[PDB]
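[1] How does the following fold in three dimensions:
(chains A, B, C, D, E, F and G, ligands or ions: 6)
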Amino acid sequence: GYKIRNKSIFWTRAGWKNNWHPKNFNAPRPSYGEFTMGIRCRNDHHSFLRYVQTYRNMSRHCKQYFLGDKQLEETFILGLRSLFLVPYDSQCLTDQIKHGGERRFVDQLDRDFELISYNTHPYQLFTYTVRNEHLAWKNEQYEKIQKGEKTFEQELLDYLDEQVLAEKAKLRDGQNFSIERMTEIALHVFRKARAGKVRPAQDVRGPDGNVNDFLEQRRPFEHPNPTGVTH
Amino acid sequence: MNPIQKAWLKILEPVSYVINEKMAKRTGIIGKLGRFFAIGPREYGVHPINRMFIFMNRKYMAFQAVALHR
Amino acid sequence: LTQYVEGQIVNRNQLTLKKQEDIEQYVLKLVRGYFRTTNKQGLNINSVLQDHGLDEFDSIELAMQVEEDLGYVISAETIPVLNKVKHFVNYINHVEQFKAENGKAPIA
Amino acid sequence: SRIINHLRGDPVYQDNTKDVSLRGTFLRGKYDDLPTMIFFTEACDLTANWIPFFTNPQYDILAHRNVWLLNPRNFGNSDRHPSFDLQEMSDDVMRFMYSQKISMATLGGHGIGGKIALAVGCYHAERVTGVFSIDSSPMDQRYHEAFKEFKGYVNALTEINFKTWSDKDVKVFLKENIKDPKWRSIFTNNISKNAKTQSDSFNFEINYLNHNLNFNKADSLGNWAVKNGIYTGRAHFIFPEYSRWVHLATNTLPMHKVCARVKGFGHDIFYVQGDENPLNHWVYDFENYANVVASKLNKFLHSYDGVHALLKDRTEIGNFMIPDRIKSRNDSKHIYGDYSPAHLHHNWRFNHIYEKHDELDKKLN
Amino acid sequence: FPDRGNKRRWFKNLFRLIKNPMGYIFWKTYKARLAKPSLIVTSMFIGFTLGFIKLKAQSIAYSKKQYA
Amino acid sequence: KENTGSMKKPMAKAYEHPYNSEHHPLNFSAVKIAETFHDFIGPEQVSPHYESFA
Amino acid sequence: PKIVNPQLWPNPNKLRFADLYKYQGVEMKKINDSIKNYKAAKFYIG
Ligand SMILES: CCCCCCCCCCCCCCCCCC(=O)OC[C@H](COP(=O)([O-])OCC(O)COP(=O)([O-])OC[C@@H](COC(=O)CCCCCCCCCCCCCCCCC)OC(=O)CCCCCCCCCCCCCCCCC)OC(=O)CCCCCCCCCCCCCCCCC
Ligand SMILES: CCCCCCCCCCCCCCCCCC(=O)OC[C@H](COP(=O)([O-])OCC(O)COP(=O)([O-])OC[C@@H](COC(=O)CCCCCCCCCCCCCCCCC)OC(=O)CCCCCCCCCCCCCCCCC)OC(=O)CCCCCCCCCCCCCCCCC
Ligand SMILES: CCCCCCCCCCCCCCCCCC(=O)OC[C@H](COP(=O)([O-])OCC(O)COP(=O)([O-])OC[C@@H](COC(=O)CCCCCCCCCCCCCCCCC)OC(=O)CCCCCCCCCCCCCCCCC)OC(=O)CCCCCCCCCCCCCCCCC
Ligand SMILES: CCCCCCCCCCCCCCCCCC(=O)OC[C@H](COP(=O)([O-])OCC(O)COP(=O)([O-])OC[C@@H](COC(=O)CCCCCCCCCCCCCCCCC)OC(=O)CCCCCCCCCCCCCCCCC)OC(=O)CCCCCCCCCCCCCCCCC
Ligand SMILES: CCCCCCCCCCCCCCCCCC(=O)OC[C@H](COP(=O)([O-])OCC(O)COP(=O)([O-])OC[C@@H](COC(=O)CCCCCCCCCCCCCCCCC)OC(=O)CCCCCCCCCCCCCCCCC)OC(=O)CCCCCCCCCCCCCCCCC
Ligand SMILES: COC1=C(OC)C(=O)C(C/C=C(\C)CC/C=C(\C)CC/C=C(\C)CC/C=C(\C)CC/C=C(\C)CC/C=C(\C)CC/C=C(/C)CCC=C(C)C)=C(C)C1=O
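    Numbers count the residues shown, from 1 in each chain, chains lettered A, B, ... in the order given. Ligands and ions are numbered 1, 2, ... in the order given. What follows is the structure:
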């Protein structure tokens, strides 16, 4: 559709696409023992173990609020690894970062853990909201199954299995019911089912099969436009 | 909608009956008068002042967190 | 000593192995319980966790589980050397010997 | 066979501009009931060339609408009349829609076809849902170099006399007089031999066309007159980045000048990223140009075409209420308020869907 | 006939400005504010406007001095 | 055999944070400020007329 | 409280037109979240 035309878009004074060691005037220079009296530096060799304990904490402190949900603990682990694997899989040469990428990332994860220790990290609150909406939908299915009723998900599967039989009973010249064909059949049903939610199926017409719904409508007397004027 | 609007409705329950059931559906100027002063939920009933506070409160509070978190 | 399990509070139980045969069985049951492990039946005492879909971050989750089942306090300096089933077996023994001789748990 | 159905007829020279009938190919849609699309090809250009574009599974345009690849007067198989007035040529479409029982249609065009399509919306807007113009603009193009060449080639074609000239004499004439490969191929395929091999002739009326172009006045097809007015409905324009017909610098302003609802570049006006090549006018040949045109076309048909002006998209149908002007309704005891405008069925006039659904509604109550 | 739909349009816009002036001003000036001038120009506008208001206030005070 | 399948009982609910709500979100972002802003200036004032007011 | 309807026009069906009936509730839902904060602050203010 549209591609960047400038060939020098990824150029920097430090090279092509260099986001690990941008060029600056005060560049790193070596130190010689025989000539060095004293030095003030914060770099150390403790980042590896801090990278290990930070993982153990962020994992164990997040599981406190999972309520033993095993499927959530395993999902969270996959998400936690995606956060720790950024330096190992990125295009950025994390081993060539200015003053040590190891210390940089470890200090960054420590700020995330601090918020995790208080249960205030946006990833935590997002996991709770996402999970509660998921269980409310799973419990709705359970309540309908205990009553012997059919779920809206099973009705689609059964309606799709029979449509496949109808379409392949006429596909005799060929015998390759491709995954492409199986897909467009399901999407066509989805689009009609998707529109059915807002406009349910009253009669044999089916979901969203009434033209009168699209005639001129008006807000109800009990719910007028609260945000602006109407005329 | 808010509790204060619901209080008006309980107090204006008989007034709502006179204007809406009787007047609003008549013809002539009595109907135009009832349909104009019909009682119910407010069209464009939002309060910009209350909405202004909410916006500036949220915008200024995010500034507090940056300035205080040092 | 209680933890949630599928929304229900359950009392946690700790184990005391004090025997070589019981350790090899616990580690395998532990490693086979991890959802990331591949070829669970091909796993033996001389199995490299790397050959079963496990990386450095998975060894931490396994060690974290050893603390839950045994009550140990494993330091971050010891976790990154646990890359084989044999390593968990020997580390568990070294801890039992340390507490049996020194009367205390190793430095965490 | 089934998907491809082109009615067959013979052109008839007409003295009255109202007794003109249009003929073209019809492409049936995948689904039973779909709105119709009427597409006008470039002048002197074949309708068949657009069939693979509208019958490509990758694009899947027929899933949205039935397509009528229609020929304007003096072109192809349609009737012949010396006048090219866009008002007259627009009335021709309205009779076609009537004879074919089409209440309202989506209009499209390529190049000069886009002008013809937009003119119909300007003269008959209540029966046009939208316009989709490809490498065209409602503008005077008489002095564009690309048009001059087309205007020049048509004049050279008037020199050939099929009765005396032999088949080889023609082929040599085209190669030397026509440098553009595509125009050359287009003109060759427009040559046909009538029944009984009486003689060969062009499918399009070469005489009536050359006079329109050579005269080079307001009635010329290159010209866009102020008489055509304004188009009130939905309009989307797509043209190549480097196009000889529509220059991005200034040839976009006519769209705002003629189309009232055109928002501007990036919403209703797009350019396809491409290189400088005089053949970019024919987007259907190059996959890169076509894939973008198709995607934009499917988006226009799915979300924007046949949608009320003040509504953003089709998503807002039934949930967005338009303000009402005071004293706009006959009922005096009417409490004026916001309303969702009525969107009707695409062929509600020639069917009884409203009468049928009214009965079903009563059965519910 | 006239365009009876435009009746009382000035009164109606006045009441909408009173209801929510910042919203009425915001949307009526949106397309114009898309082209924002420089910080210098914006500052000159504010500076000259507030300075004119400051002198207006001093002239109001000098009138109370003439009344006294 | 597939038709004979059943479904296990899922958990009733996950953790509900006692200090985060949809109207008073605990953490800050420009997204929530945008919602409060457009609620203040109101939605786009769409004109039904054929000419501008001025 | 019940609101008197002049019944000059028929109201849209809630099932077919649901979005039209939502704004009222979310508005009170906002106020309830504010009240939870007013009550939780009884000890801090006191
Ligand atoms: C025997 C003794 C008798 C004693 C009694 C004597 C009394 C005689 C009565 C007989 C006179 C009336 C005759 C009947 C008229 C019928 C005509 C008709 O059909 O309707 C036309 C007229 C048409 O209006 P429309 O078609 O609906 O729409 C208007 C347009 O859309 C235009 O609206 P727009 O939105 O587009 O904006 C433009 C508008 C508004 O433009 C403006 O900006 C003007 C705004 C004026 C008001 C504000 C002034 C500013 C100062 C105040 C600030 C307020 C705003 C502040 C905001 C907040 C600030 C922070 O322009 C107008 O001025 C509209 C006026 C209506 C047109 C008439 C021709 C006017 C031309 C002359 C203009 C100059 C006069 C202005 C008079 C005020 C008009 C409202 O409708 C009427 O107004 C009818 C009025 C008749 C009412 C009679 C009621 C009963 C009278 C008796 C009661 C007792 C009186 C006792 C008096 C005692 C002695 C003092
Ligand atoms: C032209 C150049 C020169 C301009 C010079 C300056 C112009 C005047 C400046 C006045 C500024 C005062 C601001 C007051 C606070 C406003 C704060 C606010 O958040 O605004 C929303 C605020 C509404 O928030 P709300 O309280 O939640 O009410 C919403 C409810 O839903 C409402 O429920 P509802 O929808 O059912 O009600 C219908 C609605 C629509 O109906 C109407 O408003 C139309 C008819 C209203 C009557 C005509 C107004 C006459 C003046 C009012 C009385 C004298 C002053 C009172 C003190 C006002 C100052 C607070 O009514 C309203 O909009 C609100 C009520 C209007 C006030 C009426 C009562 C007045 C007495 C106040 C008693 C309480 C205060 C205690 C006394 C204070 C004195 C010690 O608006 C107002 O309340 C009134 C604002 C008036 C502004 C008019 C002019 C604004 C534009 C000036 C442009 C300046 C040029 C520069 C522009 C540059 C552009 C490029
Ligand atoms: C109740 C109290 C009543 C008394 C007070 C009444 C006050 C009424 C004022 C109401 C507002 C004025 C009308 C504005 C219309 C709406 C905005 C607008 O213009 O549309 C945008 C449109 C273009 O702006 P744009 O589309 O955003 O494009 C700009 C680019 O985005 C980016 O920029 P660019 O790169 O393209 O070019 C650089 C930049 C150039 O930089 C500038 O913008 C120049 C402004 C620098 C600051 C000037 C000082 C601030 C003035 C207000 C404070 C007054 C001080 C006290 C006055 C004491 C003496 C009375 O261009 C601009 O951004 C806009 C300049 C266009 C002129 C703006 C309108 C005139 C200035 C405002 C008039 C103020 C009158 C107040 C008193 C009047 C008393 C009768 O402007 C035009 O309408 C074009 C008109 C042609 C303007 C050029 C020729 C003008 C020659 C006459 C000059 C008159 C000077 C008056 C001096 C006053 C006394 C010292
Ligand atoms: C490590 C390296 C250094 C890193 C430093 C870190 C930098 C961090 C940047 C942080 C950015 C903050 C973002 C938030 C603010 C954004 C909002 C904004 O207003 O930006 C303007 C923003 C962007 O404007 P723009 O059109 O894109 O132009 C951008 C630039 O101006 C460019 O325009 P241009 O391309 O046309 O360039 C021409 C330029 C040409 O300038 C020149 O060629 C030379 C300038 C020579 C200045 C000579 C000064 C002489 C002073 C004499 C005074 C003597 C009196 C002293 C009194 C002593 C008493 C004894 O002239 C100007 O642009 C004038 C701009 C005014 C600048 C005022 C500050 C000047 C010094 C700042 C020093 C900061 C340290 C930098 C060190 C770098 C050293 C290498 O304007 C807006 O449109 C937003 C609304 C603004 C409404 C007006 C009211 C705003 C005031 C409130 C703002 C918010 C609170 C205060 C913030 C600070 C404001 C100063
Ligand atoms: C006791 C009796 C006393 C009371 C008596 C009662 C009288 C009460 C007066 C009320 C009058 C009725 C109120 C009607 C609504 C307000 C007036 C209006 O024109 O609204 C429609 C006007 C546009 O009409 P439209 O057709 O509906 O809009 C179509 C498009 O959407 C618009 O955008 P577009 O680009 O798509 O279409 C074209 C657009 C092209 O033109 C424009 O868009 C204008 C460009 C302006 C935006 C450029 C950026 C500058 C704005 C930045 C924001 C700064 C202010 C906020 C920051 C500080 C916070 C306060 O509009 C035009 O066609 C030309 C503009 C209209 C003619 C020029 C009017 C200039 C003055 C208006 C602004 C007032 C300046 C302050 C003066 C007050 C001094 C204190 O709305 C506005 O542009 C802004 C309205 C803000 C007005 C506030 C002042 C209200 C007082 C009105 C009194 C008359 C003006 C006195 C000033 C005299 C200086 C020469
Ligand atoms: C603490 O952290 C902070 C914030 O939160 C993060 C901030 O937002 C901010 C920014 C501040 C804001 C966004 C607030 C902005 C408010 C400003 C500028 C002032 C607002 C002024 C008004 C809205 C006008 C109010 C006018 C009146 C109340 C007078 C009219 C009402 C009258 C006369 C009623 C009588 C009232 C009383 C007797 C008071 C008793 C109280 C009641 C609630 C009784 C109510 C009774 C009834 C019948 C409703 C800061 C600085 C901050 O520090």
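[2] Could I get the contacting residues of residue 10?
    Since you didn't name a chain, this refers to chain A. A:16, A:17 (Cβ atoms under 8 Å, 6 or more residues apart in numbering or on different chains). C-beta here means a position set from N, CA and C on the backbone, and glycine is covered the same way.
[3] Let me rephrase: I mean chain F.
    Going by Cβ under 8 Å, 6+ apart, residue F:10 touches A:135, A:138, A:139, A:142.
[4] Let's verify it: helix, strand, or coil?
    Secondary structure, DSSP: H, G, I helix; E, B strand; the rest coil: residue F:10 is coil.
[5] what separates residue B:63 from residue B:21, distance-wise?
    53 Å (Cβ to Cβ, to the nearest Å).
[6] So between the two, which is more surrounded?
    residue B:21 (14 against 10; other Cβ atoms under 10 Å in any protein chain shown).
[7] Now do the same contact list for the more buried one.
    G:4, G:6.
[8] That one - that's part of a helix, no?
    Yes - checked against three-state DSSP, residue B:21 lies within a helix.
[9] residues in contact with the residue in chain C positioned nearest to chain A?
    Here chain C gets closest to chain A at one residue, residue C:4, 3.7 Å apart by Cβ to the nearest Cβ. Residues near residue C:4 by Cβ under 8 Å, 6+ apart: A:66, A:67, A:68, C:10.
[10] Which members of the residues you listed occur in strands, if any?
    If you go by DSSP state E, these have residue C:10 in strands.
[11] For residue D:242, state which of the contacts of residue C:4 is nearest.
    residue A:66 (58.0 Å; Cβ to Cβ).
[12] where's whichever strand or helix holds the residue of chain C closest to chain A relative to the chain centroid, distance-wise?
    Taking DSSP states H and E as the criterion, the element that holds residue C:4 is strand C:2-5. Put simply, strand C:2-5 sits 19 Å off its chain's centre (Cα atoms, centre = their mean, to the nearest Å).
[13] what number of residues lie near the closest residue to residue C:79 other than its chain neighbours?
    Once flanking residues are discounted, residue C:79 sits nearest to residue C:63: 4.9 Å by Cβ to Cβ, 6 or more residues apart in numbering or on different chains. Using other Cβ under 10 Å, residue C:63 is surrounded by 23 other residues.
[14] ditto for residue D:266
    Applying other Cβ under 10 Å, we find 8 other residues in the vicinity of residue D:266.
[15] before we move on, what about residue A:221?
    When counting by other Cβ under 10 Å, one arrives at 21 neighbours for residue A:221.
[16] Spit out the contact partners of it.
    Residue A:221 makes contact with B:40, G:3, G:5, G:6, G:8, G:9, G:11, according to Cβ under 8 Å, 6+ apart.
[17] Which secondary structure state is assigned to it?
    Residue A:221 - assigned by three-state DSSP - is coil.
[18] Now name the helix or strand holding whichever residue of chain G sits closest to ligand 2.
    Closest residue of chain G to ligand 2, Cβ to the nearest ligand atom: residue G:27 (13.3 Å). Counting by DSSP H and E, the element that carries residue G:27 is helix G:23-40.
[19] Now do the contacts for the residue positioned nearest the centre of chain B.
    Centroid check for chain B by Cα atoms, centre = their mean gives residue B:45 as the closest residue, at 3.5 Å. By Cβ under 8 Å, 6+ apart, residue B:45 lies in contact with A:226, B:5.
[20] State the helix or strand in which it lies.
    Counting by DSSP H and E, residue B:45 is found in no helix or strand.
[21] ok, now how distant is it from residue B:5?
    Counting by Cβ to Cβ - residue B:45 and residue B:5 are separated by 8 Å.
[22] And the helices in chain A, which stretches?
    Applying DSSP state H to chain A gives helices spanning A:47-62, A:70-84, A:86-89, A:101-117, A:122-146, A:152-168, A:179-198.
[23] actually chain F, not the one I typed
    Shown for chain F, the helices assigned by DSSP H span residues F:30-41.
[24] Can you pull the residues of it lying near chain G?
    F:21, F:22, F:23, F:24 (Cβ under 8 Å from any Cβ of the partner chain).
[25] List just the nearest of these to ligand 4.
    Of all the residues of chain F next to chain G, residue F:24 has the smallest distance to ligand 4: 27.2 Å, by Cβ to the nearest ligand atom.
[26] wait, what's in contact with residue D:234?
    Neighbouring residues of residue D:234 by Cβ under 8 Å, 6+ apart: D:129, D:130, D:131, D:261, D:300, D:304, D:305, D:306, D:307, D:309.
[27] Next, give phi and psi for it.
    Dihedral pair for residue D:234: phi -70, psi 140, per degrees, to the nearest 10.
[28] what about the residue lying closest to it once chain neighbours are set aside, how many neighbours?
    What sits nearest to residue D:234 in space, not counting adjacent residues and going by Cβ to Cβ, 6+ apart, is residue D:130, at 3.9 Å. Residue D:130: 25 surrounding residues under other Cβ under 10 Å.
[29] and what of residue D:274?
    Residue D:274 has 16 nearby residues by other Cβ under 10 Å.
[30] Relative to residue D:243, how far out is it?
    In this view, residue D:274 and residue D:243 are 9 Å apart by Cβ to Cβ.
[31] ok, now residue D:81?
    Residue D:81 is 31 Å from residue D:243, by Cβ to Cβ.
[32] Likewise for residue D:17?
    32 Å.
[33] Tell me how many other residues crowd residue B:24.
    Using other Cβ under 10 Å, residue B:24 is surrounded by 26 other residues.
[34] was I right about it contacting residue G:9?
    No - if you go by Cβ atoms under 8 Å, residue B:24 and residue G:9 don't touch, sitting 11.9 Å apart.
[35] Please enumerate the helices of chain E.
    E:9-19, E:21-28, E:30-33, E:39-67.
[36] quick one: is the longest one near ligand 4?
    Yes - applying Cβ under 6 Å from any ligand atom, one finds helix E:39-67 touching ligand 4 at E:39, E:40, E:42, E:43.
[37] Contacts made by the host helix or strand of residue D:210 with the rest, please.
    Per DSSP H and E: residue D:210 is located in helix D:206-215. Helix D:206-215 is contacted from outside by D:43-44, D:74, D:80-82, D:84, D:150-151, D:154-155, D:157-158, D:219-222, using Cβ under 8 Å, 6+ apart.
[38] From residue A:51, how far off is the closest residue to chain B within chain C?
    Going by Cβ to the nearest Cβ, chain B is nearest to residue C:76 of chain C, at 28.0 Å. Remark: distance between residue C:76 and residue A:51 (Cβ to Cβ) = 9 Å.
[39] Repeat that for residue A:106.
    5 Å.
[40] Next: residue A:209.
    For residue A:209, the distance to residue A:51 - Cβ to Cβ - is 59 Å.
[41] Looking at the two, which is more packed in?
    Taking other Cβ under 10 Å, residue A:209 and residue A:51 do not tie; residue A:51 has more neighbours (21 against 17).
[42] Next up, the contacts around that one.
    Counted by Cβ under 8 Å, 6+ apart, residue A:51 has contacts A:84, A:102, A:105, A:106, A:109.
[43] Wait, the first one touches residue A:55, no?
    This points to residue A:84. Yes - with contacts counted by Cβ under 8 Å, residue A:84 reaches residue A:55, the gap being 6.1 Å.
[44] number of nearby residues for the closest residue to chain A within chain B?
    Closest approach between chain B and chain A, counting by Cβ to the nearest Cβ: residue B:43, at 4.2 Å. Residue B:43: 17 surrounding residues under other Cβ under 10 Å.
[45] how near is it to residue G:44?
    Distance from residue B:43 to residue G:44, by Cβ to Cβ: 40 Å.
[46] before we move on, what about residue D:261?
    56 Å.
[47] Those two: who's more crowded?
    Using other Cβ under 10 Å, the more surrounded residue of residue D:261 and residue G:44 is residue D:261, with 15 against 6.
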